[PDB]
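Presented below, as structure tokens, is a lone chain in the form deposited in one PDB entry.
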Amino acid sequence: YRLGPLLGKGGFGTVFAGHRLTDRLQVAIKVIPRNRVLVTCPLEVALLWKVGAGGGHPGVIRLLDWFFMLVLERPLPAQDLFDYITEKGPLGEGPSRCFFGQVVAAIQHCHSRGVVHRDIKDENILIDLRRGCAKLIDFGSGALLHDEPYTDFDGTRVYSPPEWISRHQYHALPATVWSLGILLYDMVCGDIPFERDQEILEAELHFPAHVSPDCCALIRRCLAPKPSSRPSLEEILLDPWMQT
């Protein structure tokens, strides 16, 4: 492999653009420190291999190799939703619907593999601009799905679910749905719903004028304070806004 220009830096490590020497394929090399992250390969590798077995969702980026330096696939041209929205603004409900079902099926697959992404947000959805195809990146904070709940959260406060704020505990699915909730809101609205803890635990949603009733309805379904109240992946797919 040949590394190239930087793409982004941060707590997720450092992702460089690069290429595979033999076939000149465009790849991304994510560099992770040993004691500043979290056989005996990193969890992230373990997870991506389970996810990448057979073939991805295929809205999940695939790990090509690991050395810590993880060589993953890199669509060209690419851009993440966060930056997408920042340049274009809210997506429209047509497009949003489009990406959103993509994203849910991506996740759906991971769950079948037994992986939970645990940090679904605009930054961690990669848009292949040529194929208009959203792809789930960064399993740095993800973990193995199980019955037992999780007592650790790497996400930002504003993205956290009310049961994390409330009890420092959350189950995979209902937390995932929340995140999708936030995600959907982000796309259609052009920014996240909640800032302060009062609002998250209250689920105080004030929609702008253009969000279709049918849309709003699903967001509110997903941003239910009670975890039980929240829909499941399958049901989100049936939801009236998601059709057509």
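The numbering used is simple: start at 1 and walk along the sequence shown. Take the two forms, find the largest set of C-alpha atoms that superpose within 1.5 Å, and that set is the rigid core.
- The gap between residue 38 and residue 39 holds 4 to 9 unmodelled residues of the deposited sequence.
- As the entry records it, the average C-alpha temperature factor is higher for 15-23, out of 224-232 and 15-23.
- Stretches compared: 114-122, 98-106. Higher mean C-alpha B-factor in the entry: 114-122.
- You'll see in the entry that, of 54, 213, 58, 181, the Cα B factor peaks at 213.
- The PDB entry assigns its highest CA temperature factor, among 187, 29, 175, 48, to 29.
- For residue 166, the recorded CA temperature factor ranks within the lowest third of the chain's modelled residues.
- Placement of the Cα temperature factor of residue 152 within the chain: highest third of the modelled residues, per the deposited record.
- Among the modelled residues of its chain, residue 74 has a C-alpha B-factor that falls in the middle third according to the deposited record.
- When the CA B factors of the chain's modelled residues are split into thirds, the value for residue 135 lands in the lowest one.
- The entry lists a Cα temperature factor for residue 87 that places it in the highest third of the chain's modelled residues.
The form deposited in another entry is left out here; the points below concern that form.
- Only one of 214, 204, 191, 197 has its Cα shifted by 2 Å or more between the shown form and the other one after fitting on the core, and that residue is 197.
- A movement of the C-alpha atom of residue 157 reaching 2 angstroms or beyond is seen between the shown form and the other one when the two forms are aligned on their rigid core.
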